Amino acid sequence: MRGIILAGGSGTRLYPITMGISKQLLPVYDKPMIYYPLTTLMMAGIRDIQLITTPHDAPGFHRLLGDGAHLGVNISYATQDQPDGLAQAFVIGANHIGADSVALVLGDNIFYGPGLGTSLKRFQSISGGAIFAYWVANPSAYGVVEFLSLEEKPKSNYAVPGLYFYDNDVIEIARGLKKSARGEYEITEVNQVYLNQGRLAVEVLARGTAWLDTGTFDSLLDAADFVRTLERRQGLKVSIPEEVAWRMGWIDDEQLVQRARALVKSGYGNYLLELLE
């Protein structure tokens, strides 16, 4: 399976913050936003990950991640020239995907808890498509699964999170789409095709899971508050790519220490040292 992170978009619901910075480069406590979906793909066992970015934000991502070799992954880059929709991921990413299955994760999504770590590797064998469900108070704000049926932006309270697994048929499914009334090629339309053909699996996320989207002022700040709370109260750092790479055997002890040393002043590197001790 190949991985793609959608890390473009305009981020209008964060203006004026996102007039100066990609949403995916915003801090969520102790790390950039893009670390969270990155580590989700890593935990699923995916090493060849393509980032889709805007042309203007790309240099920041390169500065942060480079080719991913320090995290034991192969990060590549594609450019999305206009924010024309999520389903463009499969068109832009077609050459990256090749003949393989694909995992798409949205750049503003955080997945934490039971069933959202290394157990996600079970999806590499996907045939058809596989998406998820999570209860929310304001479903009209989300894509909604009825339990059967899907609808963008009301009749189930289950939002569909931004993590999707597909077989190789997704590329041609995406290529056939037209822009919606709001001028975007829509992931819900991709999901509908699978649903209509009896080839869409859905699972509700496990009890005790946190799913977050950081695209509003309050949701960004709630996310950062959560991550800190985990550290201060449970002693846990979450979505640390160096640690994930280390535990998967993609980087060794010496590489981990070289990372720690570079990150000593903020405190982040001290965590990496503790992993060894």
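Heads up: residue numbers just count along the shown sequence, starting at 1.
In terms of unmodelled positions of the deposited sequence, the chain runs continuously from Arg182 to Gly183 in this entry. Per the record, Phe147 and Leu148 are separated by 4 to 9 deposited residues that have no coordinates. Averaged over CA atoms, B-factors in the entry run higher in 155-163 than in the other of 155-163 and 90-98.
Higher mean CA temperature factor, per the PDB entry, when comparing 31-39 with 62-70: 62-70. The PDB entry gives the largest Cα B-factor of the residues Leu275, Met1, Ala7, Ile4 to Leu275. Highest C-alpha temperature factor among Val170, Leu200, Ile75, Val204, as the PDB entry reports it: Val204. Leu220 sits in the lowest third of its chain by CA B factor, as recorded in the PDB entry. Ranked by Cα temperature factor within the chain, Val136 sits in the highest third according to the deposited record. Sort the chain's modelled residues by C-alpha temperature factor and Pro114 lands in the highest third, per the entry. Residue-level temperature factors show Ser22 in the lowest third of its chain, judged at the C-alpha atom. When the CA B factors of the chain's modelled residues are split into thirds, the value for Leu236 lands in the middle one.
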